[PDB]
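S.K.:
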Amino acid sequence: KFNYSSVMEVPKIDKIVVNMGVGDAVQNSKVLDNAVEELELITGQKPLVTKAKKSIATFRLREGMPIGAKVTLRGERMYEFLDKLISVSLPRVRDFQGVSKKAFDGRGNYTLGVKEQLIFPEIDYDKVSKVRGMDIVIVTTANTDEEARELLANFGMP
Amino acid sequence: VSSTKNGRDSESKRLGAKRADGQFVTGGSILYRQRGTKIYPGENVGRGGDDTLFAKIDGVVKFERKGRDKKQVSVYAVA
Amino acid sequence: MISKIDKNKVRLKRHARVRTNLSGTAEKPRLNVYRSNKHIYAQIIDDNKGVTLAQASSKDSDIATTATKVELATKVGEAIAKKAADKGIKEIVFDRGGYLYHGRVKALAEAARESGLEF
Amino acid sequence: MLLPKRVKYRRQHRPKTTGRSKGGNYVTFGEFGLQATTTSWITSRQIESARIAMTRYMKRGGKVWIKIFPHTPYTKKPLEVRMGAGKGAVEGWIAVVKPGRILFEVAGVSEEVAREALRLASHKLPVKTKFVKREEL
Amino acid sequence: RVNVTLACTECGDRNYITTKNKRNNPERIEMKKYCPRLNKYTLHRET
Amino acid sequence: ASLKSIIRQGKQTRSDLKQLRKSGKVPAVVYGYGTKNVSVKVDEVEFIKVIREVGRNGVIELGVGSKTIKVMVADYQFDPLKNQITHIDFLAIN
RNA sequence: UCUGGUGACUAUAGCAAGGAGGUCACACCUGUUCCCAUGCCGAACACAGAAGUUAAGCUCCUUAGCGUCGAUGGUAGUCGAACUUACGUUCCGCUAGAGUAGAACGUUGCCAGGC
RNA sequence: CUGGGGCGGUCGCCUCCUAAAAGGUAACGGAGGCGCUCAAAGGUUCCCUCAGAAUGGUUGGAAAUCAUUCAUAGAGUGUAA
RNA sequence: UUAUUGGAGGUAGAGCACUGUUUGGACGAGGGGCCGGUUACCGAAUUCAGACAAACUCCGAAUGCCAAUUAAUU
Ligand SMILES: [Mg+2]
Ligand SMILES: [Mg+2]
Ligand SMILES: [Mg+2]
Ligand SMILES: [Mg+2]
Ligand SMILES: [Mg+2]
Ligand SMILES: [Mg+2]
Ligand SMILES: [Mg+2]
Ligand SMILES: [Mg+2]
Ligand SMILES: [Mg+2]
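Chains as they are written, first to last, in the deposited numbering: chain F, 19 to 176; chain U, 15 to 93; chain M, 1 to 119; chain K, 1 to 137; chain 1, 2 to 48; chain T, 2 to 95.
Quick look at the structure:
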């Protein structure tokens, strides 16, 4: 579809980030271990608890106070989690388009949103006490989004 | 009634260079006195705790540039 | 997209931070190490004149086999000390390049200690 | 009524007065202008009086620019005080001109209206002035 | 933030003087330092 | 486009520059393609009349000594008070 | 001369763009069995490899587009001298910053290999 | 001490400006700080490199966090400059 | 004391590359006229041109300062 001059020159995915979000812990410290348990249930890696970088006002924040979580999937764990998210997400979402018409930042990023609906696709709503959301970005070797549109069409719902 | 609130000053510290370029020095003499590092040390020159530059051996002293905008001091041997 | 940086230009930033307290002075010369992917190199340098003195290699025909990539590195360390034994078999300074003192760099240094050098 | 909104230091040394104009001595924005011939301070009340007398003669026709802004504060000690108990409070804001500096520029009007409008302004400044064109050649 | 004295077990006298504050380290701290009476290192404990 | 020039000698002092400007002359230099740095003299009144008939940006065939050079005008320093030109730089083009 | 390793030099050495180059060197690349490793990830680091590729790094050409360098001439300032009290003038030395012409797509020491 | 004296204010130490391209240099001249802290915020050996801006993205107080391109330190450096 | 060499340092002057100040003109994003939007207005950002500084400097003198020469005069 692009007529590549050499087979080494072809676009491919590189890394997927499973960064969750804030989870502002003024009193959600027990939920934070459960939010870590939610990511440890969603993905097969203990996520890096990303702490804050400032102490800004009008917010429950200071130097420290770990306010995030992220796990990086690169190899076969990225290859296995991408196949199950191709099937057990869109049937669990039931949307029209599914992600967006254009969500890249000029580089080829997916940046799909989540609102705790396809989350816990293994266990039912038994222990969950609050809603949440994940952010699944797709880092790839595409130069621009138009070349990435040929990559996003393969097993995608643009 | 009027008054002011500015009368304070510190005692001045006698900074700057102490030996000249081309001059023979003895092996422990202070070359330059500074806050921070306006001039780096070069050959046979030590750098003190309060950033004072001093000579290791006795010889003649040369000031010389280091990069684009950096300066250093060296002491060379034969007199 | 995603940009991979080459490993060699990151090494030289690490190498220049190392070689700032370290030099060869012709009483105590410097040997540095360069490994590419398939060979191991070694070279004695006096930094005061900028003149090198000795050299050994993995791709040299005198030492050329397919042992381990590590037993290869040992034979280089035995090789460089013999030419260092001709003159200046005194203490030297080991320049680790920009590498971790581990594995193939480490096996080169152990072979140089066990064959006459005094570092 | 021109004055800066905030200044880092309220009490400053007075500016150096001898010399010539550092720059800003060619008309660029308009067609005609008024340049200075001697040296003085201009204290931000003069350029309010001069700008008003400029404006009402042109009947709100073309545009008018001011090339001078009063940046420097000056102080004054109150009435009947002995010397030296600190430096007094501010009084006003001055700008320093030297021979060469353009003071006002007008445009969008005929030449003989511009001469008369600038003549009325010139009787309100403390400096000798002169009418100039837009230089070329 | 107080003055504090380290003393040897058998070095004879009380030489080294350091500082600490009581709120961060209320315990009796101890180090290995040099007393030249024995020409070695010995445990020195806060009195 | 037929202006005339006179080559200055070495090391003009301060006095003989302002004595040269109290006449109708203005100091100048020529440089550029195929030439070297030569410092010259030009009448002010003649220079204005040539500019006002060929424009600001035109070609002037001025003569230095014997030969004549096709020359454009690069820059000029102007005295805004007392309105006289005080320096002119000439650029050869071919 | 070509390639590589390693030093010296204020980017004239940089940045960007365009075009060619390879199993000799270099690198992507293959793999995680072993030393070793990731606040998670054999990505990185380390090790074991040599199927694949010049696409990228890299190297060689092309360009003055950005950055850098930059005279001559004039001017501002000023040491000394001479008149004067003018927001000064005159003489003689020194001589900027800005701007213009122009330079420039590196120069070079040591060793090994390939010539 | 004091532009008479009194009333007022100040008296030791650190850093800038005045200070006239070495150093030094006054005024009741202009601006600010100190009368500590740290058992690691010390020593050594190995790794790493920012704020900010732009662009995408559930919570989005606009900016918290995540990815991406630039970004001469503009970040940070116990405490004033 | 002078001649010749070498060096330290940031004044005068200039300049806007940082920090602050400021005048016009454009550009578009936002609120914003409206009937959510136009248009007007607002503030912020980015650019073109042009100005200011003792506690601003990408630059940077003259003079003075420190020294060394079997130099020359004292
Ligand atoms: Mg200007
Ligand atoms: Mg791999
Ligand atoms: Mg110049
Ligand atoms: Mg001085
Ligand atoms: Mg001084
Ligand atoms: Mg106080
Ligand atoms: Mg000035
Ligand atoms: Mg002043
Ligand atoms: Mg200044």
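A virtual CB, placed ideally from N, CA and C, is assigned to each residue, including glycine.
Can you tell me where the beta strand (DSSP E) with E135 (chain K) in it begins and where it stops?
M.R.: Translated into the one-based positions of the fourth sequence, residue 135 (chain K) becomes position 135. Per DSSP, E135 (chain K) belongs to no beta strand (DSSP E) and is neither H nor E.
S.K.: My output table needs one value for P139 (chain F): the three-state DSSP class, helix, strand or coil.
M.R.: For the purposes of this step, residue 139 (chain F) is identified with residue 121 of the first sequence, where counting begins at 1. Correct three-state label for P139 (chain F): coil.
S.K.: Below 8 Å on the Cβ atoms is my contact criterion, and I expect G50 (chain U) with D65 (chain U) to pass it. Report the Cβ-Cβ distance as a whole number of Å.
M.R.: Here residue 50 (chain U) corresponds to residue number 36 of the second sequence, with the count starting at 1. Here residue 65 (chain U) corresponds to residue number 51 of the second sequence, with the count starting at 1. Right, the Cβ-Cβ distance comes to about 6 Å (below 8 Å), so this counts as a contact.
S.K.: At the 8 Å Cβ level, is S16 (chain U) part of the contact set with chain K, yes or no?
M.R.: Taking the second sequence and counting its residues from 1, one reaches residue 16 (chain U) at position 2. Closer than 8 Å: yes.
S.K.: State buried or exposed for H45 (chain 1), treating a residue as buried only when at least 16 other CB atoms are found within 10 Å of its CB.
M.R.: Position 44 of the fifth sequence, counted from the first residue, corresponds to residue 45 (chain 1). By the 10 Å Cβ count, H45 (chain 1) comes out buried.
S.K.: Taking 8 Å as the cut-off, does the region 114 to 125 of chain K touch the region 41 to 57 of chain K (at least 3 CB pairs, one atom from each stretch)?
M.R.: Because the criterion of three Cβ pairs below 8 Å is met, the region 41 to 57 of chain K and the region 114 to 125 of chain K touch.
S.K.: Please confirm whether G100 (chain K) has its beta-carbon closer than 8 Å to some beta-carbon of chain T.
M.R.: Here residue 100 (chain K) refers to the residue found at position 100 when the fourth sequence is read from its first residue. Cβ-Cβ to chain T under 8 Å: yes for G100 (chain K).
S.K.: List the residues of chain K that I52 (chain T) touches, going by C-beta distances under 9 Å, in chain order.
M.R.: For the purposes of this step, residue 52 (chain T) is taken as residue 51 along the sixth sequence, with counting starting at 1. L137, listed in chain order.
S.K.: Measure from the alpha carbon of residue 172 (chain K) to the alpha carbon of each residue in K5 (chain K), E111 (chain K), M83 (chain K) and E91 (chain K), then state which is nearest.
M.R.: In the structure displayed, chain K extends from 1 to 137; residue 172 (chain K) sits before or after that span and is not available.
S.K.: With a cut-off of 8 Å, does the C-beta of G62 (chain K) fall near any C-beta of chain U?
M.R.: Counting from 1 along the fourth sequence, the entry for residue 62 (chain K) is found at position 62. Not closer than 8 Å to any Cβ of chain U, the Cβ of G62 (chain K) fails to qualify, so no.
S.K.: How would you list, in chain order, the residues of chain T whose beta-carbon sits under 9 Å from the beta-carbon of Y26 (chain K)?
M.R.: Counting from 1 along the fourth sequence, the entry for residue 26 (chain K) is found at position 26. Those within 9 Å of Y26 (chain K) in chain T are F79 and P81.
S.K.: Can you pull the chain M residues whose beta carbon is under 8 Å from the beta carbon of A121 (chain F), in chain order?
M.R.: As a first step, residue 121 (chain F) must be located in the first sequence, where it is residue number 103. Neighbours of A121 (chain F) on chain M: none; closest Cβ ~16 Å, over 8 Å.
S.K.: Tell me whether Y101 (chain M) sits in a helix, a strand or coil according to DSSP, three-state version.
M.R.: For the purposes of this step, residue 101 (chain M) is taken as the residue at position 101 of the third sequence. It is coil, neither helix nor strand.
S.K.: Taking just the CA atoms, how far does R61 (chain U) sit from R28 (chain U)?
M.R.: Your numbering for residue 28 (chain U) matches position 14 in the second sequence. Your numbering for residue 61 (chain U) matches position 47 in the second sequence. Using only the alpha carbons, I get a separation of about 18 Å.
S.K.: With burial defined as no fewer than 16 other Cβ atoms inside 10 Å of the residue's Cβ, what is the status of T74 (chain M): buried or exposed?
M.R.: For the purposes of this step, residue 74 (chain M) is taken as the residue at position 74 of the third sequence. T74 (chain M) is buried by the Cβ-count criterion.
S.K.: Using only the alpha-carbon positions, how far apart do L22 (chain M) and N52 (chain F) sit?
M.R.: As a first step, residue 22 (chain M) must be located in the third sequence, where it is residue number 22. As a first step, residue 52 (chain F) must be located in the first sequence, where it is residue number 34. Rounded to whole angstroms, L22 (chain M) to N52 (chain F) spans 52 Å at the Cα level.
S.K.: For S57 (chain M) and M38 (chain F), I'd like the C-alpha separation in whole angstroms.
M.R.: Here residue 57 (chain M) is taken as the residue at index 57 of the third sequence, counted from 1. Here residue 38 (chain F) is taken as the residue at index 20 of the first sequence, counted from 1. Cα to Cα, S57 (chain M) sits roughly 52 Å from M38 (chain F).
S.K.: When the Cα of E94 (chain F) is compared with those of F173 (chain F), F114 (chain F) and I31 (chain F), which residue comes out closest?
M.R.: As a working mapping, residue 94 (chain F) is identified with position 76 in the first sequence. Minimum Cα distance to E94 (chain F) is reached at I31 (chain F).
S.K.: In whole angstroms, give me the CA-to-CA distance for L92 (chain T) and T129 (chain K).
M.R.: Taking the first residue of the sixth sequence as 1, we reach residue 92 (chain T) at position 91. Taking the first residue of the fourth sequence as 1, we reach residue 129 (chain K) at position 129. The alpha-carbon atoms of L92 (chain T) and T129 (chain K) are separated by roughly 37 Å.
S.K.: Going along the chain, which residues of its own chain have a beta-carbon closer than 6 Å to the beta-carbon of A121 (chain F), five neighbours each way excluded?
M.R.: Within the first sequence, numbered from 1, the residue matching residue 121 (chain F) stands at position 103. So the qualifying residues of the chain are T129.
S.K.: Which value, in whole angstroms, describes the spacing of the CA atoms of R14 (chain M) and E31 (chain 1)?
M.R.: One-based indexing of the third sequence puts residue 14 (chain M) at position 14. One-based indexing of the fifth sequence puts residue 31 (chain 1) at position 30. Rounded to the nearest angstrom, the two C-alpha atoms are 39 Å apart.
S.K.: Please confirm whether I45 (chain M) and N37 (chain M) have their CB atoms less than 8 Å apart.
M.R.: Against the third sequence, residue 45 (chain M) aligns to sequence position 45. Against the third sequence, residue 37 (chain M) aligns to sequence position 37. No. Outside cutoff.
S.K.: Which stretch, first to last residue, makes up the alpha helix (DSSP H) that contains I49 (chain T)?
M.R.: Residue numbering aside, residue 49 (chain T) sits at position 48 when the sixth sequence is read from its first letter. Its alpha helix (DSSP H) spans residues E45 to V55.
S.K.: So, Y34 (chain T) versus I94 (chain T), is the Cβ gap smaller than 8 Å?
M.R.: For this step, residue 34 (chain T) is matched to residue 33 along the sixth sequence. For this step, residue 94 (chain T) is matched to residue 93 along the sixth sequence. In contact: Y34 (chain T) and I94 (chain T) (Cβ atoms closer than 8 Å).
S.K.: Can you find a C-beta in chain F that's less than 8 Å from the C-beta of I45 (chain M)?
M.R.: The count along the third sequence starts at 1 and reaches residue 45 (chain M) at position 45. No - not a single Cβ of chain F is within 8 Å of the one on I45 (chain M).
S.K.: Using the Cβ count rule (16 or more neighbours within 10 Å means buried), how would you classify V43 (chain T)?
M.R.: Locating residue 43 (chain T) in the sixth sequence gives position 42, where the first residue counts as 1. Label assigned to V43 (chain T): buried.
S.K.: Within 10 angstroms of the Cβ of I141 (chain F), are there 16 or more other Cβ atoms? Answer buried if so, exposed if not.
M.R.: Residue mapping note: residue 141 (chain F) aligns to position 123 of the first sequence, counting from 1. Counting Cβ neighbours within 10 Å, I141 (chain F) comes out exposed, since fewer than 16 surround it.
S.K.: Just to confirm the assignment, what range does the alpha helix (DSSP H) spanning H15 (chain M) have?
M.R.: Within the third sequence, numbered from 1, the residue matching residue 15 (chain M) stands at position 15. Residues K7 to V18.
S.K.: How would you list, in chain order, the residues of chain F whose beta-carbon sits under 8 Å from the beta-carbon of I2 (chain M)?
M.R.: Position 2 of the third sequence, counted from the first residue, corresponds to residue 2 (chain M). Those within 8 Å of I2 (chain M) in chain F are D32, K33, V157, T158 and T159.
S.K.: Going by C-alpha to C-alpha distance, which of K98 (chain K), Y9 (chain K), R45 (chain K) and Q35 (chain K) sits closest to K16 (chain K)?
M.R.: Here the question's residue 16 (chain K) lines up with position 16 in the fourth sequence. Residue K98 (chain K) is the option with its Cα nearest to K16 (chain K).
S.K.: Counting C-beta neighbours from all protein chains within 10 Å, is the total for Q35 (chain K) 16 or more, i.e. buried, or is it exposed?
M.R.: Numbered from 1 along the fourth sequence, position 35 holds the residue referred to as residue 35 (chain K). Per the 10 Å Cβ criterion, buried.
S.K.: Using DSSP's beta-bridge definition, name the partner residues of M54 (chain K).
M.R.: Reading the fourth sequence from its first residue, position 54 is the one you call residue 54 (chain K). Answer is none; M54 (chain K) lacks a bridge partner.
S.K.: Is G42 (chain U) near ligand 1, with its Cβ less than 7 Å from a heavy atom?
M.R.: Here the question's residue 42 (chain U) lines up with position 28 in the second sequence. False, no ligand heavy atom lies under 7 Å from that Cβ.
S.K.: Given a cut-off of 8 Å, decide if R112 (chain F) and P139 (chain F) are closer than it, judged by their beta-carbon atoms.
M.R.: Translated into positions along the first sequence, residue 139 (chain F) becomes position 121. Translated into positions along the first sequence, residue 112 (chain F) becomes position 94. In this structure, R112 (chain F) does not lie closer than 8 Å to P139 (chain F) by Cβ.
S.K.: For the beta strand (DSSP E) that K68 (chain T) lies in, which residues bound it at each end?
M.R.: Counting from 1 along the sixth sequence, the entry for residue 68 (chain T) is found at position 67. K68 to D80 is the span of the beta strand (DSSP E), which, as asked, contains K68 (chain T).
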